[PDB]
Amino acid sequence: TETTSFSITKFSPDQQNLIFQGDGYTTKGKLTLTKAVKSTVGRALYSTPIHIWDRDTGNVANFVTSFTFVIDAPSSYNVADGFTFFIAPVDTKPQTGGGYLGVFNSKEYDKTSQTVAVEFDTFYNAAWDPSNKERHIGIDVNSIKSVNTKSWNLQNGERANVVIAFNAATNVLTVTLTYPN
C-alpha cells in the first residue's frame, strides 16, 4: 500500500515542491502558467513521482485531484490556446506549444508520448478540434485530438472549480467543471 496526498491553498514565491518550466512561476498567492502575451508556454509539475500502477501486482491507483483556475483573456473573441491537467512520465519536458498545449506533438496517436491530459481548450484548431468550433473540455490520450469532448462556455475572468477522479476498478476517468453563477 502506497498513498500520497497534498493540498496547497496559497502558493509561495518559493514553492520548492513544484518544478516550473516555460513561463511557469508563482506571484501573489497564485500559480501563473502564462500571462496574457503571444506565443508562450508555462508548465508546473508536482515534484514527487507518483506510483500510479504496479507491474508486480497489476494494481492500478485510484486518485482524485481538485483545483481552481482562472482564464483571463482580453475578450471573448481574443482567447487562445487553453489549459491542461496532465499525467506523464517522470522526466517530462514541454512539448509543442500553441494548440498542442505544451503536452503533445501531433494529432496522430503517438504511443511514445505516454501522456494523458484533460484539456480546457479555448481555440478551434480546424485540423483536430470538434467542427462545431466551440470551446470544450477534452480527454486526450497520446494525441491532441481528444477521445471525448464536452462543449463548454468560457466565463472570462471567473474562477472554475475542477475535480478530476480516476476509478481503477472501472478505468473510468471523470471530469467536472463548475462555475459559481
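Each residue number is its position in the shown sequence, starting from 1.
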| query | Mean C-alpha B-factor higher for 64-72, or for 123-131? | reply | 123-131
| task | Return whichever of 13-21 and 159-167 has the greater mean Cα B factor according to the PDB record. | result | 13-21
| said: Given 136, 145, 43, 35, identify the residue with the highest C-alpha B factor in the PDB entry. | reply: 35
| said: Given 113, 149, 47, 26, identify the residue with the highest C-alpha B factor in the PDB entry. | reply: 47
| said: Which third, lowest, middle or highest, does the C-alpha temperature factor of residue 108 belong to within its own chain? | reply: highest
| request: Grab the CA temperature factor for residue 94 from the record and place it in the lowest, middle or highest third of its chain. | output: highest
| residue 140, C-alpha B-factor rank within chain (lowest, middle or highest third) | lowest
| request: Within this chain's modelled residues, let me know which third the CA B factor of residue 1 belongs to: lowest, middle or highest. | output: highest
| Compared with the other modelled residues in the chain, in which third is the CA B-factor of residue 117? | middle
